[PDB]
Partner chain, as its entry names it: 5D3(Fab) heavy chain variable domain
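Coming up is one lone chain in C-alpha cells, specifically the form solved without its partner chain.
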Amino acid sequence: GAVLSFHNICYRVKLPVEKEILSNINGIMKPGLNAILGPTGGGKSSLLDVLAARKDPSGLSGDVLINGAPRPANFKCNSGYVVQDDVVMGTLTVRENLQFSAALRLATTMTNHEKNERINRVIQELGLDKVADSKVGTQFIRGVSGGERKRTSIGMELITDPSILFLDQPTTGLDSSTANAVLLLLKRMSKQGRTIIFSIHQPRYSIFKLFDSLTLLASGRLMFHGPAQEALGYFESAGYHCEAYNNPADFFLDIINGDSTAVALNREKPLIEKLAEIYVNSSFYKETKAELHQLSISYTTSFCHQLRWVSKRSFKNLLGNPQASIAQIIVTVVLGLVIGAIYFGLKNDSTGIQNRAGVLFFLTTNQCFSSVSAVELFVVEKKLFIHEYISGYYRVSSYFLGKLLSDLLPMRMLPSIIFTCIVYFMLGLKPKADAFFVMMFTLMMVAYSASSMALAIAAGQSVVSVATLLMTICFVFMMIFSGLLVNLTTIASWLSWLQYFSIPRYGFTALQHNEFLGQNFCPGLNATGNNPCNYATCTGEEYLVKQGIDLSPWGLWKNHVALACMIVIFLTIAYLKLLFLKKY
C-alpha cells in the first residue's frame, strides 16, 4: 500500500496581501479509508489539493511524500482526484464520459470490449443504470441530476483503478442510502490495498464506522488526527462527553464549530486556539511526529491513442451541435454566389483587371475574417482541458493536435473547397486545371494561417473578449498592407517592412500571380494602339510588375512558404500558451 505523508504543511493565498489558509498541519495516511471532517471554510479542499499536488507551490511550505519518497512524475497517471464541482462534459453521455476516461487512463493492453465490461460494472455499482445512456446536462439544457452527475465524476476516476484516491466530498448531493452504498464500495476497494483520502460533510453513523483514520480541520488548523475509533475517547479527556449525540461525527463538529457565529445566533482563549493546543500536547501528535521523522511523465496510453480519442470526442460534439458548421457552409455558398454574380462574366477589357484584382481581394478578405471564429476553439473548453490535463488523461500535444482537426477539417478545409468551386464555374477565371487547385490551395493557406493566429491570441484564455478584438483589428491592420488600396512601393521604408506580416498580402499576391500570368487585356484594338488613356495595361505581366510581384514560378510559391511559416510559428505560440498555462 501507499503511505502518503504530509509534514509541516502550510499554505498562503495572495488576495498583494497574503492570507494563511492551512497553518501547520502534519499527518500520515496509511492504506485504508482516511476521512477529513470539519466546518465549511476549514481548509478541507485546500488540504486535499496540497496532498493531490494541485496547488501552486509558491505558497506551499511543506513536503508531501509517498512511502517516504517524494512524488513521482507519473503521479496523475497513478492517482485519482474526484473534485468537488463535477467537471463533466455535458454534451456526452454518462456512459460516454466513462468510455472516454477508461480509454485514455487505462492501458491499451486491455481490450476495448473488456474496458466496456468494467464500465458496466461501475455503472451498476454506482447505481447509474437508468441514466447510463442519458446525457449529462449543461447549464442551459438540463439533463442528468446533481447527484447522478456527482456519481459520474466518482466513476470516471474509479474505472482507472488508482492506488491513491482523493475525493472532494464524494457524498454531498447523495442521499443517506446512496451515500452509504458509495462508501461501502470504497471500503471494499480500500481493503485491496488502496489509500483513499476524502473529505466528508454530515456522515451518518454507519458511514463513520467505516473510517480507518480521522482528520479534523478547523480554521486551517488541525483539531485532531489519528484513528477514528480512538477519536471519541480523545475528546472525553478534553472535557467533552459524548452521548447527547448518538452519532460521533455530529458530536465532533459541534465542538470545533461552537465558535461559529451562525451557531451562536441560532438556538443559542478562542475555541480554535484552545482545541488546537490540546492536540499538539496530546499523545496522538507525539505518535505522528515521531513517525514522520522515520519516514523523512510517461502517460498510460501513447500519443496516437490520445490523439485518436481527443479528436473522436471533438467530432461527436460537432455532429451533435452542428450549428456553427452548418452556418459556416450556408453563408459561404451565398457569399460565393453573390461574389460570382457581381463579377459575372469577367471580360478582357480596359476595366477587366480592377474587376479581377477586386474579386481576388474579397476572396482573400473572406478567408481571413472567417477565421476569427477559431478563437473559441480552446476557450469554451478551458475548464475541461485544465481538469483533464492535471488528471493525467492526455499530453498537451495530444489535445492540441486532436482539437486542431475539429477546427482544421470542418471549418477551414471544407469551406475553402466549396468557396473555390462556386466562384470558378460562374466567374470565368484562369480556366486551366492546375490554376484551379493553386487557387484552392491558396485559399486554404490563408484560412489556416489566419486561424493559427486566432489560436495564438486565444489559447489559454477564459473569455473571447480580448482575443476577438485583437483578431479583427489586426486584420484591418493587415489589410492596409495587402497592396490594393495604397501602393506598397510608395510606402516609406520605415513602414514598408510591416507588409511582410500581412496574411492577406501573401494570399492576394499568390491569387494575382495565379490569375493574371498569361492573360492579355488589350485585344479589341484599332489601327491605332488601344485607345484608353492610362495609356493601356495590356498584358497581365505588366500589371504584375506594377504591383511589384515577381514573374518567376518562385514568385507564386514565395507566398505559400511564408504562409506555411506563419502556420508553424502561430501554432507553436498557441501550443506553448496551453503548455505553460498555470493550471493549478
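Residue numbers count along the first chain shown, from 1.
In what follows, reference is made to the form solved in complex with its partner chain, a form of this protein that is not presented.
Worksheet entry | 4.5 angstroms heavy atom contact with its partner chain in the entry with it bound for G68 | It does not: once its partner chain is placed as it appears in the entry with it bound, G68 has no heavy atom within 4.5 Å of it.
Fill in: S58, heavy atom within 4.5 angstroms of its partner chain in the entry with it bound
Although its partner chain is absent here, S58 would stay clear of it in the entry with it bound, with no heavy atoms inside 4.5 Å.
Practice prompt. At a 4.5 angstroms cut-off on non-hydrogen atoms, which residues of 543-566 are near its partner chain in the entry with it bound? List them in order.
Written response: Read in sequence order, no residue approaches its partner chain (within 4.5 Å, in the entry with it bound).
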